[PDB]
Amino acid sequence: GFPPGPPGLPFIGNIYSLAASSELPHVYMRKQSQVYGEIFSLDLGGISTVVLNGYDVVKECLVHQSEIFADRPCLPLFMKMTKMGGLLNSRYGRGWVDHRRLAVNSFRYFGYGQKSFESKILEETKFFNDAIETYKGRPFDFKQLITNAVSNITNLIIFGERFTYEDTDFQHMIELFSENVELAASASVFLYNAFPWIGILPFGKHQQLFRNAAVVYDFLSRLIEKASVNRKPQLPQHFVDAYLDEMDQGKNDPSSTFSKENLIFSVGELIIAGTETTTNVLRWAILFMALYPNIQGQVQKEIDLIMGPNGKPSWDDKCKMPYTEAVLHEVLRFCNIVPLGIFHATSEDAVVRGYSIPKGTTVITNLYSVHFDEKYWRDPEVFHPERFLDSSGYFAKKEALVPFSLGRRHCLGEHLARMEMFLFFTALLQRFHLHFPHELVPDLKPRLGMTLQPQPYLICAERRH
């Protein structure tokens, strides 16, 4: 029958278990998998859920049974936000196919498929490093600047332009949207999805989320209107124009899935997916480089050898920079920016390893448990970039590294994120030495959210050459 799992209280089930725990949810789930096995169940206030732990079960579900596990759960929060339309939380089906295909094609065509695109990223690193330089080595929080810089890469693809670092209205929208990604992980929202009548209560994190989402929605529709002003039909300049072309071609198809709503949802999703995740990867990398100056120095040694101290970083340099690549992958493995992926659901009744999983069951992919899977990793609890180097000193790709997930829903933005991570990291470490103020003791415990981000920390960036 159904997979077994820990017991919890009546009504609220394992929401109590997760909330009472001293461990963050993904850690709690990995430990429970040592007791009940690789696939176990949680009851989240009456919502029946299975958790997939370790490389093998995750791959068996997302890859071997790719169609069956490619759906999204109809949680009240998600139904309320996007009606299971758009792209990121779209039901597995025609609408998802339509939006996925459009987004994938737009990212190549308006983005990295064009010769001039990398130079637009480099211009962003220059805007970004110049802003860092203005602090003149005094301690500050990088979060805002990194967020601006990274969101701008996708802005180019979506809106056809970057926005300046004085655009406080755009930055405010992103701040509320990011708050929502964090609130989505709270006990308040787990309880809301279990007992949606809690919406009657006016105070709480659930009302903070709903209010933020209304503000963000309006802002996004106004950005999309402005980006469509000078549109030339069938000659799109960006994802918005391309979306509008699609709506025109499907005007007489009534089952066409493209819509004004779905444009706002899919745009919002593309914006927050990229901005939240890539930002946090860089924020974790900087923390660990300041923490471990010998590792920071090896990276800088390699930059100087390959790029030179004044040469412009290029994506083609990556294959000559194995240690830089090792460090970036080890930040992804170790820091787990998306620890529990995005929740899946079964699109039909499933059988996995003898256990029955009924249609619509929520499926949590514990990606953290894959990256700490001792069948595949030696001492996964240790941060060790050199685990990614082969006996000739070259970067070695590992099957059980899946920070972008696997299967049908695997990260659409992976290639772009990898370019951004590499070019921003190297441009930054080429120009500055990074360390903490007064060598101060920084906190490395992540915040609770749907992504893992560090607590606020100051860093001193000092010009090198």
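One-based numbering along the sequence shown.
J.: Taking the mean of the C-alpha B-factors per stretch from the entry, tell me the winner out of 153-161 and 247-255.
T.: Higher of the two, by average CA B-factor, is 247-255.
J.: Taking only the CA atoms, which stretch has the higher mean B-factor in the record, 24-32 or 431-439?
T.: According to the entry, 431-439 carries the higher average C-alpha B-factor.
J.: Could you tell me which one of 202, 339, 268, 85 shows the highest CA temperature factor in the PDB record?
T.: In the PDB entry, the greatest C-alpha B-factor among 202, 339, 268, 85 is found at 202.
J.: Could you say which of 287, 145, 240, 79 has its CA atom at the highest B factor, as listed in the PDB entry?
T.: Answer, based on the entry's C-alpha B-factors: 79.
J.: Sorting the chain's CA B-factors, does residue 43 end up in the lowest, middle or highest third?
T.: Highest third of the chain for residue 43's C-alpha B-factor.
J.: So where's residue 107 on the chain's Cα temperature factor ranking, which third?
T.: As the PDB entry reports it, the C-alpha B-factor of residue 107 lands in the middle third of its chain.
J.: Within this chain, which third does the Cα B-factor at residue 74 fall in: lowest, middle or highest?
T.: For residue 74, whose C-alpha B-factor we compare with every modelled residue in the chain, the answer is the middle third.
J.: Per the entry's values, where does residue 310 land by CA temperature factor relative to the rest of its chain, in the lowest, middle or highest third?
T.: Highest third.
J.: Taking only the Cα B-factors deposited for this chain, tell me whether residue 234 sits in the lowest, middle or highest third.
T.: For residue 234, whose C-alpha B-factor we compare with every modelled residue in the chain, the answer is the highest third.
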